[PDB]
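> Requesting a structural model of the entry that follows:
(one chain, ligands or ions: 1)
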Amino acid sequence: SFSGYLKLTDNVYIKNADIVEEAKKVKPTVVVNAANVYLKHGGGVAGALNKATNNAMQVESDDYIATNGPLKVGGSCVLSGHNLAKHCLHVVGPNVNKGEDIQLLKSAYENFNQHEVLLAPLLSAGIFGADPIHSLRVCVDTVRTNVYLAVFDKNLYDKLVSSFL
Ligand SMILES: CNC(=O)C1C=CC(=O)N=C1
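Numbers count the residues shown, from 1 in each chain. Find the structure here:
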């Protein structure tokens, strides 16, 4: 199972870890991807997860988009987890660098409540431009299921734990 996580609340855990490495080690039921509406996994968590699947995640995603059209900001879809997990929950947090409404971050985290346990990144953090401290607060106040957060950056991990209310 998950190891070395610090407990923040009843159901939220956090670790300074690369989510690709965590996924390859744990092989969780669900790994969350920090997706965009097009499921174009170019950079950040999405680029890293997709590269770990040898681009199979992108091939599957393009077929999903060809059939269904784009996701909504705040929405999600369940696809295969390939070599990383049983499933990948592609969740679209608002990209504040693209002027998307930050109020959609709570709607994005609500997708996690459909899964009993998830390995996840902080939504809208990193290249999505939101304040990761705010993302963690929305996570703890929205998600009721067991979420294991992998925070790639050590310095941000330390800041998140030390400032956690
Ligand atoms: C939770 N984030 C991560 O673990 C990342 C993010 C970007 C990346 O390139 N690789 C891993």
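> Which positions in the longest helix seen in the chain come out as buried?
Ranked by residue count and defined by DSSP state H, the top helix of the chain is helix 56-68. Buried residues in helix 56-68, counted by 16 or more other CB atoms under 10 Å: 57, 58, 60, 61, 64, 65. To be clear about C-beta, it is placed using only N, CA and C from the backbone, and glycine gets the same treatment.
> Can I get those residues in a markdown table including distance to the ligand?
Converted to a markdown table, the buried residues of helix 56-68 look like this (distance: CB to the nearest ligand atom, whole Å):
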| residue | distance to the ligand |
| --- | --- |
| 57 | 14 |
| 58 | 15 |
| 60 | 20 |
| 61 | 17 |
| 64 | 22 |
| 65 | 22 |
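> which stretch of helix or strand covers residue 72?
Under the criterion DSSP states H and E, no helix or strand holds residue 72.
> Verify the stated contact: residue 83 with residue 52.
Yes - proximity of residue 83 to residue 52 meets the contact threshold set by CB atoms under 8 Å, at 6.9 Å.
> Look at these two and report which has more neighbours.
Here residue 83 and residue 52 are set side by side on neighbour count (other CB atoms under 10 Å), and the busier one is residue 52, at 20 against 13.
> ranges for the helices of this structure?
19-26, 44-52, 56-68, 104-110, 132-142, 154-163.
> what is the orientation angle of the longest one with helix 44-52?
Helix 56-68 runs at 110 degrees relative to helix 44-52, counting by axes from the mean of the first three to the mean of the last three CA atoms, to 10 degrees.
> Distance from the chain centre to helix 56-68, please.
When C-alpha coordinates are averaged (CA atoms, centre = their mean, to the nearest Å), helix 56-68 and its chain have centres 18 Å apart.
> Hmm, residue 92 and residue 101 touching each other?
No - if you go by CB under 8 Å, residue 101 and residue 92 don't touch, sitting 11.9 Å apart.
> Common neighbours of the two, please.
Overlap between the contact sets of residue 101 and residue 92, as judged by CB atoms under 8 Å, 6 or more residues apart in numbering, is given by residue 73.
> Neighbour count: these two, which is higher?
Each of residue 101 and residue 92 has its neighbours counted (other CB under 10 Å); residue 92 has more, 28 against 11.
> ok, now how distant is that one from residue 33?
As defined by CB to CB, to the nearest Å, residue 92 lies at a distance of 9 Å from residue 33.
> between residue 83 and residue 52, what contacts are shared?
When contacts are counted by CB under 8 Å, 6+ apart, the set common to residue 83 and residue 52 consists of residue 24.
> and this structure, which of its residues are near the ligand?
By CB under 6 Å from any ligand atom, the residues of the chain that approach the ligand are 18, 19, 20, 44, 45, 48, 121, 126, 150, 152.
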